[PDB]
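Q: Quick note, the sequences are listed as chains B and A, same order. Count the first sequence with the authors' numbering and you get residues 1 to 63, in order. Count the second sequence with the authors' numbering and you get residues 1 to 63, in order.
2 protein chains.
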Amino acid sequence: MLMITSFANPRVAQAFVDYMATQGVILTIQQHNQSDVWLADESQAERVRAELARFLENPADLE
Amino acid sequence: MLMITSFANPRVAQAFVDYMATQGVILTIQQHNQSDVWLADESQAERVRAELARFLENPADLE
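1. Can you tell me whether residue 5 of chain B is buried or exposed? The criterion is at least 16 other CB atoms within 10 Å of its CB, across all chains shown.
2. Rounded to whole angstroms, what's the CA-CA distance from residue 26 of chain B to residue 31 of chain A? Just pull it up for me.
3. Could you check whether the Cβ of residue 57 of chain B sits closer than 8 Å to any Cβ belonging to chain A?
4. Within a Cβ cutoff of 8 Å, which residues of the same chain sit near residue 56 of chain B, ignoring the five residues on either side of it in sequence?
5. With 16 other CB atoms within 10 Å as the buried threshold, where does residue 2 of chain B fall?
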């Protein structure tokens, strides 16, 4: 497996592998997925931290 | 800005910032987006590398 190239968009990625597959060349795409949570109110960082940890152990809504 | 935490799903991320925002705490989420193109046919890795490089500079369809 040799990395052909790296893209930052689905339309492009898909389009590429699309015209390539129809041309007789099979390609693969890897769409990353990660949701980073950041706060601006440091003072509230503590509140969110606690509540968050207490929510993470409560798999019902977040999930 | 202090990173509160990191998640691997939209539902969770949104849900979290949701219950946090309605509680008087504003939060932010960062949904990573990256499409990595990899090939299995090394022999074709060449023909693809050229065609791809020529297509990348041709913003019309891929875009």
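Where is the CB? At the ideal position from N, CA and C, for every residue including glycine.
A: To lay it out plainly:
1. Within the first sequence, residue 5 of chain B is the residue found at index 5, counting from 1. Flag for residue 5 of chain B reads buried.
2. For this step, residue 26 of chain B is matched to residue 26 along the first sequence. For this step, residue 31 of chain A is matched to residue 31 along the second sequence. A straight-line Cα-Cα distance of about 28 Å links residue 26 of chain B and residue 31 of chain A.
3. On the first sequence, residue 57 of chain B is found 57 positions in, with the first residue counted as 1. For residue 57 of chain B, the answer is no, since every Cβ of chain A falls outside 8 Å of its Cβ.
4. Looking up residue 56 of chain B in the first sequence gives position 56. Closer than 8 Å at the Cβ level, and outside the excluded window around residue 56 of chain B, lie 62.
5. Counted from its first residue, the first sequence places residue 2 of chain B at position 2. The residue in question, residue 2 of chain B, is exposed, as its Cβ has fewer than 16 Cβ neighbours within 10 Å.
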